[PDB]
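Summary of the model geometry
The chain contents come next:
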Amino acid sequence: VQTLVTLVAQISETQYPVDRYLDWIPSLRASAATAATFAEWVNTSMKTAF
Amino acid sequence: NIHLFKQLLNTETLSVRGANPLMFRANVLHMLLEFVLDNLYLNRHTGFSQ
């Protein structure tokens, strides 16, 4: 969950305070569905890793 | 578009290309009433995509 909130906050406007290192990489203003797909890809990565 | 204005009381009109001017108001009122009636609907929420 910490890994999830940290990453998703770097593609959306979330008030969870993170220092941001990848703003110079272009990206869109992620919506609910886009964040959902992104989290889906994140979740499977962790499960297959462990 | 003549056929719209001869729909109410032109039962005596012979020609198909003509209409009686004296029932213009009645035909217009009927047209407006049907215009209102045909639009009595509730808007539906379908779904979006970014």
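Residues numbered from 1 in each chain as written, not as in the entry; some residues may be left out. Chains lettered and ligands numbered in written order. Part of a larger assembly, values for the part shown. Heavy atoms only, no water.

Structure determination for this PDB entry is given in the record as cryo-EM, at a resolution of 3.30 Å.

1. As for the overall build of chain B
Each helix and strand counted, chain B has one helix and zero strands in total. For chain B, whose C-alpha radius of gyration is 18 Å, the value lies well above the compact-globule estimate of 10 Å for 50 residues. Here chain B, with 50 residues, has 8% of them falling under the buried criterion. Here chain B displays about 5000 Å² of accessible surface, and carbon together with sulfur accounts for 61% of that area. (Helix = DSSP H or I, 4+ residues; strand = E, 2+ residues; numbered from the N terminus. Rg over C-alpha atoms; globule rule 2.2 N^0.38 Å. Buried < 20%, exposed > 50% of the residue type's maximum accessible area, 1.4 Å probe, protein only. Areas by Shrake-Rupley, 256 points an atom, 1.4 Å probe, with all protein chains shown as cover.)

2. Focus on a nonpolar patch on the surface
Residues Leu33, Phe35, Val36, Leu37 and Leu40 of chain B make up a contiguous nonpolar surface patch of roughly 530 Å² in combined accessible area. Among the structural elements, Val36 of chain B can be located in helix α1 (residues 24–38). (Patch = residues over 30% accessible without salt bridge, like charges linked within 9 Å, V, L, I, M, F, W, Y side chains within 5 Å. Salt bridge = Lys/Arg side-chain N within 4 Å of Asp/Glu carboxyl O.)

3. Quick notes on the environment of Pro21 of chain B
By the secondary structure assignment, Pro21 of chain B is in the segment before α1. Sequence separation between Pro21 of chain B and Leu40 of chain B is 19 residues; the distance between their C-alpha atoms is 30 Å.

4. A closer look at the layout of surface pockets
All names here are of chain A. Counted as a void, the largest pocket has a volume near 310 Å³. Lining of the largest pocket is provided by 14 residues; of these, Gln10, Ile11, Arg20, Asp23 and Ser27 occupy positions nearest its centre. Tallied by class, residues from the lining of the largest pocket come to seven nonpolar, three polar and four charged. (1 Å grid on protein atoms, 1.4 Å probe; cavity = no way out; pocket = protein on both sides within 12 Å on 5 of 7 lines; lining within 4 Å. Points joined across faces, edges and corners; volume = space filled by probe spheres on them. Nonpolar A, V, L, I, M, F, W, Y, C, P; charged D, E, K, R; others polar.)

5. Thoughts on the environment of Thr6 of chain A
Residues and elements named next belong to chain A. Within the secondary structure, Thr6 is located in helix α1 (residues 2–8). Sequence-wise, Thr6 and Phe50 are 44 residues apart; in three dimensions their C-alpha atoms are separated by 20 Å. Within the structure, the side chain of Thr6 is placed 2.8 Å from the backbone oxygen of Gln2, a separation counted as a polar contact. (Polar contact = N/O pair within 3.5 Å; in protein donor to acceptor, adjacent residues only side chain to side chain.)

6. Some thoughts on the environment of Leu7 of chain A
Residues and elements named next belong to chain A. Summarising the element assignment, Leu7 is placed in helix α1. Exposure remark for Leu7: the relative accessible area of 32% places this residue in the partly exposed category. Separated by twelve residues in sequence, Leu7 and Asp19 have C-alpha atoms that sit 11 Å apart.

7. A closer look at the pattern of salt bridges
Residues and elements named next belong to chain A. A complete count under the given rule lists two salt bridges over all chains for this structure. One salt bridge connects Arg29 with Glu13, and the closest N-O pair in it is separated by 2.3 Å. Linking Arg29 in the loop between α1 and α2 (32–49) with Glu13 in the loop between α1 and α2, this pair joins segments that are 16 residues apart in sequence. In this structure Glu13 comes out as partly exposed when scored by relative accessible area, which is 48%.

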